[PDB]
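This document starts with one chain, in the form deposited in one PDB entry, laid out as structure tokens.
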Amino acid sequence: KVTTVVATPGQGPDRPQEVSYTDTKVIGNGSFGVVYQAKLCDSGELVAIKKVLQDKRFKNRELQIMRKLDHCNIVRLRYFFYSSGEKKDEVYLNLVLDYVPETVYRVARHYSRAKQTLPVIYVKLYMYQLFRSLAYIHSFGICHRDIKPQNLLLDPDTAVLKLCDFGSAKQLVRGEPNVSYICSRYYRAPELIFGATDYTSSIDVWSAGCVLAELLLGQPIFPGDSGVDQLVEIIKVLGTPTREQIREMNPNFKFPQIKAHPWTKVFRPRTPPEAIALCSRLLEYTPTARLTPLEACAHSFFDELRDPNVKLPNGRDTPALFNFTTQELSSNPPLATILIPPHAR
């Protein structure tokens, strides 16, 4: 019925509170553990509870990253607490998060299975907000490392996107090596497939680019169940990478010598050229030639979002889009002139 636990608020001072919740049910199972959904008694608010086994040795990295995060496009840690339950005398970490009812995956799938495309204004709204969350976490040196449609939460009434699952997220320091086997199926950057250990935070941007193409195409842009297949699909668009381009990703195989497909010809006829242009500047072999998250926010493809008259198809106003903080703009402070339009309060 009602479950009452003593939970530590995520943000703020470490002062634990009795928190009660009912209607608990399962909404996810995975390598990480299990996610529940329940209703808070004192508010009626829906929450998602992510339950993971707690490493006895070290502190949980996800918890420590999520406790440092505060941004309108990242899912909020409301509380966290510790429980028992299975394994063998082990401790479980429970991350209590704001429940968001939808994901880009489920929504993209509705449209693909209905054979329409997701309206571009949603592509603008969703992609812009993803790039904001990245601008933010990247300013801390934190790379998400598993950006994909299932990790992009959506509230279809407000058009708010929230990035979730920081289970793979890590701070990337120059000269410190990092595992290359992060990141999922269709969204791995070529330098990961090639097994680079010196990759940078632009892998997230490659991934984001894959989401954008997919929202435009109605299907993944680089499918394949092996790296080899994914790589072949990549070369079919970007063309065969050059010696310099290969070096910028890795050592040490020749490839199909196939010339580039004209990016205008990779998408449906009605596709906006600003979107095709933004794709081409995210999906670059050379990981330093890719746009930064903040630069992409400032991209012309998103200009419509900065129009004073724009509204959601449901009639409502657009959600927070311009509350940039100094931290978020740090990559490139002068972009504020473009990012914060005259009407934004």
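The numbering used is simple: start at 1 and walk along the sequence shown. Shifts are known only where both forms have a C-alpha. C-alpha atoms forming the largest set that superposes within 1.5 Å between two forms make up the rigid core.
Quick note: we don't show the form deposited with a partner chain bound, though the next part is all about it.
Region of this chain that lies against its partner chain in the bound PDB entry, out of 76-84, 226-234, 133-141, 203-211 [heavy atom, 4.5 Å]: The contacting stretch here is 226-234.
Of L215, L125, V96, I193, the one that lies within 4.5 Å of its partner chain in the bound PDB entry (heavy atoms): Looking at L215, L125, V96, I193 one by one, just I193 meets the 4.5 Å heavy-atom criterion.
Quick one: does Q257 come within 4.5 Å of its partner chain in the bound PDB entry, counting heavy atoms only? Looking in the bound PDB entry, residue contacts with its partner chain include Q257, since a heavy atom lies within 4.5 Å.
Of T288, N29, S300, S43, only one moves its C-alpha by 2 angstroms or more between this form and the one not shown once the rigid core is aligned, so tell me which. C-alpha shift of at least 2 Å: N29.
Can you confirm the direction of the Cα distance change for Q150 and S31 in the bound PDB entry, closer or farther than in this form, given it is 3 Å or more? So the answer is closer.
I need the moving stretches between this form and the one not shown: superpose on the rigid core, then report runs of 3+ consecutive residues where each CA shifts by 2 Å or more, in sequence order. Runs moving 2 Å or more: 29-31, 253-257.
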